[PDB]
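Given next, in structure tokens, is a single chain: the form deposited in one PDB entry.
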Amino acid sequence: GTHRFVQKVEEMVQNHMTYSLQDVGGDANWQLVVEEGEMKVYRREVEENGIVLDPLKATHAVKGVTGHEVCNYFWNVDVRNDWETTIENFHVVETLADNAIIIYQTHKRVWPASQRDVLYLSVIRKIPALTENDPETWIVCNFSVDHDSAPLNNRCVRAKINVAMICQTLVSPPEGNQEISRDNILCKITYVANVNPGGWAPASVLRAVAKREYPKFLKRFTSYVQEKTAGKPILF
């Protein structure tokens, strides 16, 4: 629409559609560090000046939910505290459009160092399929920005993020007179997180925290979407 971040939003969605959906399984610069069920979590080891930046990428397949649903739930701030366990406080700093907000939040200490806070634009978008033979893609991008009404917090260190949750609904209609049900749909999810913790910590500790907290978030967040949509009509 007409807001000042539409160009940046476009570039991010684009970067993510081209570079983030890419296959990471046989990629030797990624290591698969967590596997649970349909979930796989990868990281690539990266540091710049002693600071761990490790790109992370998780794939998941979740039964009975659509991509539209998973992204709605991921994006929607009124349900955040139902699933998010790492947040201390947050608030919407601005509304840019009906699908784009800027959020400030403070995180619980996940290592014994200063709390980190973050200031990011969170946008939800549908990428149209090219044919009706492919899935439409829903994506939430969360990436850092600056705002007059949210400068640096004396106590907290400022993390910078570039995150995306990308989902696609696979449908598999039954052969007979039955109506399509939640049994017939599967959500493919790619979640990517590139975080700059904003200062130093021992790499072993930050890496053990990523390994612990990302899979805990995915399991709990996806399970939550499954619970909140069970029995309801399907939103594609």
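Between two forms, the rigid core is defined as the largest C-alpha subset superposing within 1.5 Å. When you see a residue number, it is the position in the sequence shown, counting from 1.
In what follows, reference is made to the form solved in complex with a partner chain, a form of this protein that is not presented.
Of 78, 98, 148, 132, which one comes within 4.5 Å of its partner chain in the deposited complex, counting heavy atoms only? Among 78, 98, 148, 132, a heavy atom within 4.5 Å of its partner chain in the deposited complex occurs only for 132.
Within 4.5 Å of its partner chain in the deposited complex, heavy atoms considered, which of 174, 37, 199, 202? Filtering the options by heavy-atom distance leaves 174.
How about residue 170 - does it come within 4.5 Å of its partner chain in the deposited complex, if we only consider non-hydrogen atoms? Result yes; residue 170 sits at the interface with its partner chain in the deposited complex.
Counting only non-hydrogen atoms and a 4.5 angstroms cut-off, does residue 136 reach its partner chain in the deposited complex? Taking the distances in the deposited complex, the answer for residue 136 is yes, it comes within 4.5 Å of its partner chain.
I'd like to know if residue 180 sits close to its partner chain in the deposited complex, meaning any non-hydrogen atom pair within 4.5 angstroms. Yes - in the deposited complex, heavy atoms of residue 180 and its partner chain come within 4.5 Å of each other.
Contact with its partner chain in the deposited complex for residue 207, defined as at least one heavy atom pair within 4.5 Å: yes or no? No, no contact at 4.5 Å.
Looking at 29-37, 46-54, 207-215, 180-188, which stretch has residues with any non-hydrogen atom within 4.5 Å of its partner chain in the deposited complex? Every other range fails; the passing one is 180-188.
Any idea which of 52, 39, 192, 185 has its C-alpha shifted 2 Å or more between the shown form and the other one with the rigid core fixed? After core superposition, the single residue displaced by 2 Å or more is 52.
Pair residue 49/residue 15, Cα separation in the deposited complex versus the displayed form, closer or farther by 3 angstroms or more: Note: Cα gap between residue 49 and residue 15 shrinks in the deposited complex.
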